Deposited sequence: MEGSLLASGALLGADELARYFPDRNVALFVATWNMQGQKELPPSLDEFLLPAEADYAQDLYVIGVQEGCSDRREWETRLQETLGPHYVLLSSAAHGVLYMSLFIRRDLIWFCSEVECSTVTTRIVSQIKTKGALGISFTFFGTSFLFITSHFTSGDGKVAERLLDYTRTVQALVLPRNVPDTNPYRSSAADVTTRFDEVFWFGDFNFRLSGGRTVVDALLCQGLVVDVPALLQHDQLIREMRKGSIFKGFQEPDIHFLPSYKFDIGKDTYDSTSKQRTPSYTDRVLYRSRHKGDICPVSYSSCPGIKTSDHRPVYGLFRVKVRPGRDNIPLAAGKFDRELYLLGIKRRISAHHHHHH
């Protein structure tokens, strides 16, 4: 049958569910990476093999290749880099099980800059999309406008991004009649948008400090701007977020578990989030959603979600990856594992 058809799908996914790991991390431009990425990429409850890893980074380390090399080395030879992209120091890397490269369309990327901050600094989005068998996926990572009082600007970051991301292009929309011209996130079966959205907890440092003294997370989240704005429909229309059971992932003193003890007294906040949307209700099942407290090189902790996503058979008359991946990186990862 077709490379991307029902027979192949049966061989590789009898239950038609794909295991996806999606993470976002703001690195604060740090030069030295954590000693081990094992706790980042293989979290404790990730007690089963992931099919796809998608890693979005904001304020990324200058040596993008070294970061990708360490990811490749940690995942090991069962995974290959299906795609990676950069828009300034905003990065995204997509690693997939090597036997699954055959079922992917060509991978397409797009970028949007939503705010010029200075001559050398901007905020924006990086989107990567491809079809897997017959099901299309769109991954967007973003760094939104910063500041407690800048919700209105964050709304504009959302709107500018869904209006401007030029995806898909060569690879056909899988359900075009369902698509809207004004929102790129309507053009795909499964959408994940993860980043430093910079939404904060309202109420001020003193009130949030009081709440953090067991922590009642639900009560804490009553102060979250992002849940508030999503609830009234002003942002991320059609998206959901998994339940949060972890503590705020920002702002931390470097290398420590204490929240910003400088005079600026930034209110601990859930700046880093993973959101999902699907064309078909129920296609995406969150399995776990958490931060990685052991990664402490940056003022932000990484945040990741594990998901199970439904996939459907496809056809071969689209532009195909057909075994295309970063072979040089793959070899570098092999080389590093021989060394260590």
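Coordinate coverage of the deposited sequence is interrupted at 1-8, 222-224, 352-357, where no C-alpha atom was modelled.
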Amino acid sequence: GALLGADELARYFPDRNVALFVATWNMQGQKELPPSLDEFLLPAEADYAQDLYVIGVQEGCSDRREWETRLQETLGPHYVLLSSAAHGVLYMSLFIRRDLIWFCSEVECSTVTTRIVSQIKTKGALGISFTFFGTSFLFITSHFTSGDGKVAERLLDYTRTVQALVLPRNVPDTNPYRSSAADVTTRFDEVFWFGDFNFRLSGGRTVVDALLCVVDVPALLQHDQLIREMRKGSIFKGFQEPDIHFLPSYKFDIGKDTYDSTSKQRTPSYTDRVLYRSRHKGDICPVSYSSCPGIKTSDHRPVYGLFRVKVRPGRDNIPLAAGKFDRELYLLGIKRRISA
From here on, numbers count along this sequence of modelled residues.
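Looking at 130-138 and 231-239 together, the entry lists the larger mean B-factor for 231-239, computed on C-alpha atoms. Comparing 189-197 with 254-262, the stretch with the higher mean C-alpha B-factor in the PDB entry is 254-262. Remark: of 112, 212, 244, 184, 212 shows the highest value [criterion: C-alpha B-factor in the PDB entry]. Of all the options 277, 301, 310, 315, the entry's greatest CA B-factor is assigned to 315. When the CA B factors of the chain's modelled residues are split into thirds, the value for residue 288 lands in the middle one. Residue 205: CA B factor lies in the highest third for its chain, per the PDB record. Residue 81: CA B factor in the lowest third of modelled residues in this chain (values from the PDB entry). Remark: residue 116 belongs to the middle third of its chain, ranked by C-alpha B-factor as recorded.
In this PDB entry, residue 62 carries a Cα temperature factor that places it within the highest third of its chain's modelled residues.
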